[PDB]
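Only one structure is covered here, and it is reproduced in the block below.
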Amino acid sequence: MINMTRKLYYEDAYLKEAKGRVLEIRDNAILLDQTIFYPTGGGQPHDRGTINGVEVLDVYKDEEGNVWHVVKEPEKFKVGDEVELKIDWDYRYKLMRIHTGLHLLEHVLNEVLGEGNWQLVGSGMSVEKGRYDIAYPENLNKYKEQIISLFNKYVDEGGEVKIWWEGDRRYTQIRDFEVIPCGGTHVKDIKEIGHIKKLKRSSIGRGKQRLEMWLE
Ligand SMILES: [Zn+2]
């Protein structure tokens, strides 16, 4: 079935610039059939950049999961032909390190707090920091330092972050750690993440704690 806008970022291979035919249009929407521009959802913001040197402001998906690229100059595009794609690599790559960071934080937390003794409740990330909302009885702070040293240690050692599909479902995994059902864009190796720049703990309420992490 090709009625689904083929995606390239899932195959990323870190490809920065892309080129693919063009499909229908809306007010600002620009349905396509090729793209390196990651839509949204899963806590990983829509990376950005330029499509034909044009300004991309929003990038999401439709019910059938069709990537629409909300641009600034919609009055410079037809309705069928072909175009070039350019994405803010850095803003992208610095998101992968972050997103891949969170998965590692998941394992690390398992090791330190004990797999089972805590519950992930919320997630998501900004362009600079990442957030992991959790539900754990003890005031996390008493683990700040043990967590960071462990996060980093794994980093240095590095490890392959393999990814795959099992039909219409995509799974990911770091080394021999947790196998996660995430749907974002990850680095190929965690050594490509970097040590923690800062790990702030805060109480979000209802007894839920929030780990915000920053990378060097
Ligand atoms: Zn995730």
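Quick note on naming: the chains in the structure tokens go A, B, ... in the order shown, residues restart at 1 in each chain, and ligands are numbered from 1 in order of appearance.
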* To do: Skip residue 106 (chain A) itself and residues of its chain fewer than 5 positions away, then list as a PyMOL selection string all residues within 10 Å of it, counting only C-alpha atoms.
  => chain A and resi 101+111+115+119-120+132+151+177-178+180
* DSSP helix (DSSP H, G or I) residues within region 34-210 of chain A, as a PyMOL selection string -> chain A and resi 74-76+89-114+140-157+190-192
* At what distance in Å, to one decimal, does CA of residue 129 (chain A) lie from CA of residue 210 (chain A)? ->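 Atom-to-atom, CA of residue 210 (chain A) and CA of residue 129 (chain A) are spaced 12.4 Å apart.
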Please build the interface table for region 15-101 of chain A against region 182-186 of chain A with a cut-off of 8 Å, listing for each qualifying residue the nearest atom pair and the distance in Å to one decimal; count only C-alpha atoms, order rows by chain and increasing number, and write it as a tab-separated table.
residue	atom	partner	partner_atom	distance
A:42	CA	A:183	CA	6.3
A:44	CA	A:184	CA	6.4
A:96	CA	A:186	CA	4.6
A:97	CA	A:186	CA	6.9
A:99	CA	A:186	CA	6.5
A:100	CA	A:186	CA	5.4
Residues from the last selection, N, CA, C and O atoms, saved as a PDB file, in the first residue's frame:
ATOM      1  N   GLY A  42       4.817  11.382  19.976  1.00  0.00           N
ATOM      2  CA  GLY A  42       5.774  10.573  20.708  1.00  0.00           C
ATOM      3  C   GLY A  42       6.668  11.385  21.621  1.00  0.00           C
ATOM      4  O   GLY A  42       7.576  10.836  22.254  1.00  0.00           O
ATOM      5  N   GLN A  44       8.616  13.796  20.568  1.00  0.00           N
ATOM      6  CA  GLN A  44       9.705  14.337  19.751  1.00  0.00           C
ATOM      7  C   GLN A  44       9.165  15.414  18.801  1.00  0.00           C
ATOM      8  O   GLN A  44       8.561  15.116  17.772  1.00  0.00           O
ATOM      9  N   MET A  96      17.997  13.716  18.580  1.00  0.00           N
ATOM     10  CA  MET A  96      18.260  12.281  18.583  1.00  0.00           C
ATOM     11  C   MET A  96      19.057  11.909  19.823  1.00  0.00           C
ATOM     12  O   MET A  96      18.753  10.934  20.504  1.00  0.00           O
ATOM     13  N   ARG A  97      20.095  12.687  20.101  1.00  0.00           N
ATOM     14  CA  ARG A  97      20.925  12.442  21.271  1.00  0.00           C
ATOM     15  C   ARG A  97      20.021  12.498  22.499  1.00  0.00           C
ATOM     16  O   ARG A  97      20.134  11.680  23.413  1.00  0.00           O
ATOM     17  N   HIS A  99      16.498  12.268  22.586  1.00  0.00           N
ATOM     18  CA  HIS A  99      15.514  11.211  22.585  1.00  0.00           C
ATOM     19  C   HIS A  99      16.169   9.902  22.950  1.00  0.00           C
ATOM     20  O   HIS A  99      15.627   9.143  23.750  1.00  0.00           O
ATOM     21  N   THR A 100      17.336   9.626  22.383  1.00  0.00           N
ATOM     22  CA  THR A 100      18.029   8.386  22.722  1.00  0.00           C
ATOM     23  C   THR A 100      18.473   8.437  24.183  1.00  0.00           C
ATOM     24  O   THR A 100      18.679   7.407  24.815  1.00  0.00           O
TER      25      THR A 100
END
* Asked: Quick one: residues within 7 Å of region 55-67 of chain A, only C-alpha atoms counted, chain neighbours fewer than 2 positions away excluded, as a PyMOL selection string?
  -> chain A and resi 4-5+31-32+39-40+46+48-51+53+69-73
Mind dumping the selected residues with N, CA, C and O atoms as a JSON list (two decimals), in the first residue's frame?
[["chain", "number", "residue", "atom", "x", "y", "z"],
["A", 4, "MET", "N", 0.15, 5.64, 1.53],
["A", 4, "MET", "CA", 0.75, 6.17, 2.74],
["A", 4, "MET", "C", 2.04, 6.89, 2.36],
["A", 4, "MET", "O", 2.92, 6.32, 1.70],
["A", 5, "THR", "N", 2.15, 8.15, 2.78],
["A", 5, "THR", "CA", 3.33, 8.96, 2.49],
["A", 5, "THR", "C", 4.61, 8.29, 2.95],
["A", 5, "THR", "O", 4.93, 8.32, 4.14],
["A", 31, "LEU", "N", 0.81, 17.94, 1.45],
["A", 31, "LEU", "CA", 0.91, 16.48, 1.43],
["A", 31, "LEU", "C", 1.98, 16.07, 0.42],
["A", 31, "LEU", "O", 2.10, 16.66, -0.65],
["A", 32, "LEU", "N", 2.79, 15.07, 0.79],
["A", 32, "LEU", "CA", 3.85, 14.58, -0.08],
["A", 32, "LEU", "C", 3.87, 13.07, -0.17],
["A", 32, "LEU", "O", 2.88, 12.40, 0.14],
["A", 39, "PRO", "N", 7.62, 14.39, 11.32],
["A", 39, "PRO", "CA", 6.34, 14.98, 11.68],
["A", 39, "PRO", "C", 6.28, 15.40, 13.13],
["A", 39, "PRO", "O", 6.81, 16.44, 13.51],
["A", 40, "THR", "N", 5.64, 14.58, 13.95],
["A", 40, "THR", "CA", 5.53, 14.90, 15.36],
["A", 40, "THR", "C", 4.95, 13.70, 16.09],
["A", 40, "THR", "O", 4.79, 12.62, 15.50],
["A", 46, "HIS", "N", 8.50, 18.35, 16.00],
["A", 46, "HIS", "CA", 8.73, 18.31, 14.56],
["A", 46, "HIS", "C", 10.04, 19.04, 14.25],
["A", 46, "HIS", "O", 10.16, 20.24, 14.48],
["A", 48, "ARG", "N", 12.77, 20.95, 12.11],
["A", 48, "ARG", "CA", 12.46, 21.99, 11.15],
["A", 48, "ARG", "C", 13.61, 22.26, 10.18],
["A", 48, "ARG", "O", 14.65, 21.59, 10.23],
["A", 49, "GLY", "N", 13.40, 23.22, 9.30],
["A", 49, "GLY", "CA", 14.41, 23.56, 8.31],
["A", 49, "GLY", "C", 13.79, 24.24, 7.11],
["A", 49, "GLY", "O", 12.83, 25.01, 7.25],
["A", 50, "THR", "N", 14.32, 23.95, 5.93],
["A", 50, "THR", "CA", 13.81, 24.56, 4.70],
["A", 50, "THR", "C", 13.49, 23.58, 3.58],
["A", 50, "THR", "O", 14.24, 22.65, 3.31],
["A", 51, "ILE", "N", 12.34, 23.80, 2.95],
["A", 51, "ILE", "CA", 11.89, 23.00, 1.82],
["A", 51, "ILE", "C", 11.96, 23.98, 0.64],
["A", 51, "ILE", "O", 11.11, 24.87, 0.51],
["A", 53, "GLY", "N", 14.48, 26.14, 0.19],
["A", 53, "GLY", "CA", 14.87, 27.39, 0.82],
["A", 53, "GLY", "C", 13.71, 28.11, 1.49],
["A", 53, "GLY", "O", 13.87, 29.24, 1.96],
["A", 69, "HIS", "N", 3.67, 19.32, 5.55],
["A", 69, "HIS", "CA", 4.72, 20.27, 5.93],
["A", 69, "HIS", "C", 4.27, 21.74, 5.86],
["A", 69, "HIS", "O", 4.49, 22.41, 4.86],
["A", 70, "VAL", "N", 3.67, 22.22, 6.94],
["A", 70, "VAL", "CA", 3.20, 23.60, 7.02],
["A", 70, "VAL", "C", 4.32, 24.60, 6.74],
["A", 70, "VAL", "O", 5.21, 24.80, 7.56],
["A", 71, "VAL", "N", 4.27, 25.25, 5.57],
["A", 71, "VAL", "CA", 5.30, 26.22, 5.19],
["A", 71, "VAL", "C", 4.85, 27.68, 5.25],
["A", 71, "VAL", "O", 3.65, 27.98, 5.36],
["A", 72, "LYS", "N", 5.82, 28.58, 5.15],
["A", 72, "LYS", "CA", 5.59, 30.01, 5.18],
["A", 72, "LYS", "C", 5.16, 30.53, 3.81],
["A", 72, "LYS", "O", 4.27, 31.37, 3.70],
["A", 73, "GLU", "N", 5.79, 30.01, 2.76],
["A", 73, "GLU", "CA", 5.48, 30.41, 1.39],
["A", 73, "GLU", "C", 4.74, 29.31, 0.63],
["A", 73, "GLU", "O", 5.34, 28.56, -0.14]]
* Tell me which of A:138, A:176, A:133, A:160 sits closest to ligand 1, counting only C-alpha atoms and all ligand atoms. =>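 The closest residue to ligand 1 is A:133.
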* Residue nearest residue 21 (chain A) - candidates A:165, A:93, A:118, A:77, atoms counted: only C-alpha atoms ->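 Of the candidates, the smallest distance to residue 21 (chain A) is held by A:77.
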* Structure fact -> A straight line from CA of residue 78 (chain A) to CA of residue 33 (chain A) spans 14.8 Å
* Backbone DSSP call of strand (DSSP E) for chain A, listed as a PyMOL selection string -> chain A and resi 17-20+49-51+54-60+68-71+83-87+119-122+129-135+161-165+170-174+179-180+196-205+208-215
Residues of the last selection are to be written out with C-alpha atoms, as a short mmCIF file (atom, residue, chain, number, x, y, z; two decimals), in the first residue's frame.
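This is the output file again25.cif:
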data_model
loop_
_atom_site.label_atom_id
_atom_site.label_comp_id
_atom_site.auth_asym_id
_atom_site.auth_seq_id
_atom_site.Cartn_x
_atom_site.Cartn_y
_atom_site.Cartn_z
CA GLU A 17 18.64 16.66 2.48
CA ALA A 18 15.95 14.82 0.54
CA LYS A 19 13.94 15.14 -2.66
CA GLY A 20 10.51 13.75 -3.48
CA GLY A 49 14.41 23.56 8.31
CA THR A 50 13.81 24.56 4.70
CA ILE A 51 11.89 23.00 1.82
CA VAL A 54 11.35 28.03 2.14
CA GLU A 55 10.41 28.32 5.82
CA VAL A 56 8.83 25.28 7.49
CA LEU A 57 6.91 26.17 10.66
CA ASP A 58 4.87 23.08 11.54
CA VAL A 59 5.04 19.41 10.54
CA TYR A 60 2.48 16.82 11.61
CA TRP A 68 1.99 17.59 5.96
CA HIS A 69 4.72 20.27 5.93
CA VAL A 70 3.20 23.60 7.02
CA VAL A 71 5.30 26.22 5.19
CA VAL A 83 10.97 19.35 -4.74
CA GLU A 84 14.09 19.55 -2.54
CA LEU A 85 14.23 19.00 1.23
CA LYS A 86 16.55 20.59 3.81
CA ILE A 87 16.30 20.09 7.58
CA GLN A 119 6.50 3.76 36.75
CA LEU A 120 7.02 5.97 33.77
CA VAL A 121 4.05 8.30 33.63
CA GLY A 122 4.88 10.97 31.08
CA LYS A 129 16.42 19.40 27.65
CA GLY A 130 14.49 16.18 28.10
CA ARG A 131 11.78 15.30 30.63
CA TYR A 132 10.88 11.97 32.21
CA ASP A 133 7.85 12.14 34.50
CA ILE A 134 7.86 9.21 36.92
CA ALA A 135 6.08 7.77 39.92
CA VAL A 161 21.01 1.33 19.28
CA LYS A 162 19.40 -1.17 16.88
CA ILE A 163 15.94 -0.56 15.43
CA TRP A 164 13.36 -2.73 13.63
CA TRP A 165 9.75 -3.50 12.66
CA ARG A 170 8.32 -0.42 15.24
CA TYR A 171 10.56 -1.46 18.16
CA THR A 172 13.96 -0.16 19.30
CA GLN A 173 16.71 -1.20 21.74
CA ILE A 174 20.09 -0.18 23.19
CA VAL A 179 13.25 -3.24 24.12
CA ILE A 180 11.18 -0.11 23.60
CA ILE A 196 24.70 14.69 31.49
CA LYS A 197 24.99 18.48 31.58
CA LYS A 198 22.49 18.62 34.45
CA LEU A 199 19.74 16.44 35.97
CA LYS A 200 17.06 18.40 37.81
CA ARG A 201 14.40 16.79 39.98
CA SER A 202 11.06 18.40 40.76
CA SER A 203 7.68 17.38 42.14
CA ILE A 204 4.97 17.69 39.52
CA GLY A 205 2.20 16.77 41.92
CA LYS A 208 4.68 12.21 40.64
CA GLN A 209 8.27 13.32 40.22
CA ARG A 210 9.90 14.78 37.15
CA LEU A 211 13.44 14.26 35.91
CA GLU A 212 14.57 16.93 33.52
CA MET A 213 17.88 16.19 31.88
CA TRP A 214 20.36 18.39 30.00
CA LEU A 215 23.24 17.18 27.84
#
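If you measure from each of A:79, A:36, A:95, A:108 to residue 153 (chain A) using only C-alpha atoms, the closest one turns out to be A:108.
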* To do: Pick out the closest residue to ligand 1 from this set: A:28, A:123, A:149, A:141. Count only C-alpha atoms and all ligand atoms.
  =>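 With only C-alpha atoms and all ligand atoms as the atom set, the closest residue is A:123.
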* For ligand 1, the nearest of the candidates A:216, A:2, A:52, A:41, counting only C-alpha atoms and all ligand atoms ->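 Result for the nearest residue to ligand 1: A:41.
Comparing the minimum interatomic distances between ligand 1 and each of A:29, A:45, A:194, A:15, counting only C-alpha atoms and all ligand atoms, we find that A:45 sits nearest.
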* Give me the residues within 8 Å of residue 154 (chain A) as a PyMOL selection string, counting only C-alpha atoms and dropping any in the same chain fewer than 4 places off. => chain A and resi 150+158-159+190-191
* Please, what distance in Å, to one decimal, runs between CA of residue 80 (chain A) and CA of residue 8 (chain A)? ->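 Straight-line distance from CA of residue 80 (chain A) to CA of residue 8 (chain A) works out to 19.5 Å.
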